[PDB]
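Okay, so here's the structure we're looking at.
The values are calculated or read from the model by the stated rules, or taken from the named source; nothing here is a laboratory result. Note that we place each Cβ from the backbone using ideal geometry, even for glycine, and neighbour counts take in every protein chain shown.
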Amino acid sequence: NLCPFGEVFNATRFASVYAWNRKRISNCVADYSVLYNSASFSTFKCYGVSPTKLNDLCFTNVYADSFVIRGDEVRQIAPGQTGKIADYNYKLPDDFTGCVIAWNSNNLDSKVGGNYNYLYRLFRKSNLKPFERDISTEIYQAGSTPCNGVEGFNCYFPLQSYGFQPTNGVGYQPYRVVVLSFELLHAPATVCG
Amino acid sequence: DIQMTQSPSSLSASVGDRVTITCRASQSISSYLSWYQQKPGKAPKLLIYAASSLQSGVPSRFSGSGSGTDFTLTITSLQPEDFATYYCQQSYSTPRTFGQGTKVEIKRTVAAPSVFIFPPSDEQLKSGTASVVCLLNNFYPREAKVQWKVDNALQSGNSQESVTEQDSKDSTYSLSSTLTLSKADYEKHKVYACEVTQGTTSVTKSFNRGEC
Amino acid sequence: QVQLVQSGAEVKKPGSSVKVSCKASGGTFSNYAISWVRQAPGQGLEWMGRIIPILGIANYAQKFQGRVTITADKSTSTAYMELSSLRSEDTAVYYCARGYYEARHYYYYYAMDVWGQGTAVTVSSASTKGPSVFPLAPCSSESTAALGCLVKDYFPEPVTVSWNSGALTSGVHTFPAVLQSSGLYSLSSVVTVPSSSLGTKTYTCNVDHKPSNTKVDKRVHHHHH
């Protein structure tokens, strides 16, 4: 059985970045080179591996993380980066081993008048740990006075919608992102090039 | 909880006037301050937000200012459509408390009410209740004290009153007050009187139950 | 041109619950918070709480916590306010209003920019009752006469009043109803006329009470009989 990859890349609904979706890829024929020439990708960059030299490797598990961000935030889905997405939404480790794949989805994810379904976290008391997920909706206390569950002075709703529109500039258009992390554990390898 | 106190409670002004309404907060609220307009039987409408920003499509005769605790709404060249109630609202913290409101009324010359007193109808009496009604017709200003007297004894707790909005033609108010007694209590007394007091003048209209 | 359309007027017994709807039309508002504000008769405005529809996050003023629930159906773009353990003090007009919550729109500072038309909720143990209409006639002369009708003992609001089937309008004052101790309403409607014209002319007040499907026409005698 070939690795269910079209299920991730061709999923109808994609997660909001703050609530990024994980799919675990199990024991299957991992064919990596065909993927790299499966569609026109605006981003295909790998970290400690090649698109062709992966077809001679074995791993315990592959994790496929998927979400939507705007074009000018794709740069943030890389080791060592900063910004709202890397700090408070989706963090890659320093020693990351995987690929980051992205494509423009303005044909799909943009609605006229705005698609307000996609959220990102604007405020957090501290940066996320690598592969951390925060789905909390606590009002963000920037002040000394407590927020009683209601936004106000010094009390900020922590999430914001992108509001993707078709006429938006390239940097502001929605981009679908798939992140493939490659794992090794003290257990038999399951996914192989 | 932040308290918002508006002043004045009401004011009278003429078309063309410049009008100022103030709102004081119990603490500093930065620019978490909005102003709303409401007319009888209608939903409130946003005029000003962020203390000073004119809401899109709202006439430029409306403007807001303020600093710390003290905020003002100014209507520069008052038009007929602008006679209404105005509310401030703080959105600084929960609960997002409103001021008690300011009614902008039409100024005109003083006018004495015409005073009429109505005995209870025979028809009502036959059902065991008596309603005695006092009408004050076409008066200005609004403030008036209406008291009931039965055989010269002043009444309390047995009357209710209501007032119309300012008349479209003459900008006056009318007031209706009802004294409510049982038939039996009504029949005990002779002289029924309604007294209205404005400033230095009191007027009393009466009838004698026995007579007519 | 987004409007917010609310459900109709409601009469409710003490201790029951009411549920009021608020539907976005000419839009499907998903960028916005939905607040609920109420106004008791003759009184000011009072913020009850707000929902953030997108995530179904609802919070309420301390005063209403425990009794109020705000919900939103994302597909219909309908928000709901349910208030329970209703008391006569809960008699008010209830407003929904759209406002902001997101940092992008910080510069509104959570102002409420579009309001529903309101929902009149009446809380009372009284039953529907048509009005009794009694003549108001002086104990009789002056230059000006006043006549009228007392519209007593009806529930619920409203009644409408006309004179001579709408042919007599000038000199007419129809007063706001007052709520009596009995829980029934009462209003007066009066007209002023010259004393000369009392001779030939007749005066009839036409009272309409739609909630009880009752209409009353009352010929007012010139003087008290």
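Here are the numbers:
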item	result
Strands (runs of 3 or more DSSP E) fully within the range B:145-186 counting 2 or more residues that are within 10 Å of chain C (Cβ to nearest Cβ)	B:159-163, B:173-182
Count of the range B:1-37 residues which are surrounded by fewer than 19 Cβ atoms within 10 Å (Cβ to Cβ) and assigned to a strand (DSSP E or B)	8
Subset of the range A:147-188 that is more than 23 Å from the chain's Cα centre (by Cα) and small (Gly, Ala, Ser) - its residue that is farthest from the other protein chains (Cβ to nearest Cβ)	A:187
Complete set of residues in the range A:137-152 that are part of a loop (DSSP other than H, G, I, E, B) and either in contact with a strand residue (DSSP E or B) (Cβ under 6 Å, 6 or more places away or on another chain) or surrounded by fewer than 20 Cβ atoms within 10 Å (Cβ to Cβ) (or both)	A:137, A:138, A:139, A:142, A:143, A:144, A:145, A:146, A:147, A:148, A:149, A:150
Test for residue C:86: is it at the interface with chain B (Cβ under 8 Å from one of its Cβ atoms) and closer than 30 Å to residue B:178 by Cα	no
Of all residues in the range C:153-182 being under 18 Å from the mean Cα position of the chain (by Cα) and in a strand (DSSP E or B), the one that is nearest to the other protein chains (Cβ to nearest Cβ)	C:178
Hits in the range A:121-146 - residues which are within 12 Å of another protein chain (Cβ to nearest Cβ) and either among the hydroxyl-bearing types (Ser, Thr, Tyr) or within 21 Å of the chain's Cα centre (by Cα) (or both)	A:121, A:122, A:123, A:135, A:136, A:137, A:140, A:145
Criterion (within 14 Å of chain C (Cβ to nearest Cβ), more than 28 Å from residue A:139 (Cβ to Cβ) and assigned to a loop (DSSP other than H, G, I, E, B)) met by exactly one of B:59, B:95, B:40	B:40
Residue count, the range C:68-90 (criterion: in a loop (DSSP other than H, G, I, E, B), surrounded by fewer than 19 Cβ atoms within 10 Å (Cβ to Cβ) and under 21 Å from the mean Cα position of the chain (by Cα))	3
Matching option when the condition is in contact with a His (Cβ under 8 Å, 6 or more places away or on another chain), at the interface with chain B (Cβ under 9 Å from one of its Cβ atoms) and among the hydrophobic types (A, V, I, L, M, F, W, C), among C:97, C:137, C:146, C:111	C:137
Selection from the range C:183-204 of residues that are within 13 Å of chain B (Cβ to nearest Cβ) and within 29 Å of the chain's Cα centre (by Cα)	C:184, C:185, C:186, C:187, C:188, C:189, C:190, C:191, C:192
Residues satisfying the stated conditions in the range A:155-183, i.e. more than 28 Å from residue A:24 (Cα to Cα) and among the hydroxyl-bearing types (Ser, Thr, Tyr)	A:156, A:167, A:172
Total residues in the range A:153-173, condition in a loop (DSSP other than H, G, I, E, B) and under 20 Å from residue A:19 (Cβ atoms)	4
Residues being part of a strand (DSSP E or B) and either within 20 Å of residue B:187 (Cβ to Cβ) or more than 9 Å from chain C (Cβ to nearest Cβ) (or both) - total across the range B:98-137	16
Residue A:65 vs. criteria over 13 Å from residue A:101 (Cα atoms) and of a type in the set (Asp, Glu)	no
Any hit, the range B:49-67, residues being assigned by CATH to the domain that holds residue B:20, within 24 Å of residue C:47 (Cα to Cα) and among the charged types (D, E, K, R)	no
Candidates C:203, C:154, filtered to the one that is in contact with a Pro (Cβ under 7 Å, 6 or more places away or on another chain) and among the aromatic types (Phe, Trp, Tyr)	C:154
Conditions (1) in contact with a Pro (Cβ under 7 Å, 6 or more places away or on another chain); (2) farther than 30 Å from residue C:210 by Cα; number of the one not met by residue C:87	(2)
Top-ranked residue of the range C:49-67 - restricted to ones that are more than 17 Å from residue A:147 (Cα to Cα) and buried (at least 19 other Cβ atoms within 10 Å of the Cβ), ranked as nearest to the other protein chains (Cβ to nearest Cβ)	C:54
Residue among B:110, B:115 that is buried (at least 19 other Cβ atoms within 10 Å of the Cβ) and either in contact with a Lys or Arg (Cβ under 7 Å, 6 or more places away or on another chain) or farther than 26 Å from residue B:22 by Cα (or both)	B:115
Test for residue C:216: is it under 24 Å from the mean Cα position of the chain (by Cα) and within 13 Å of chain B (Cβ to nearest Cβ)	yes
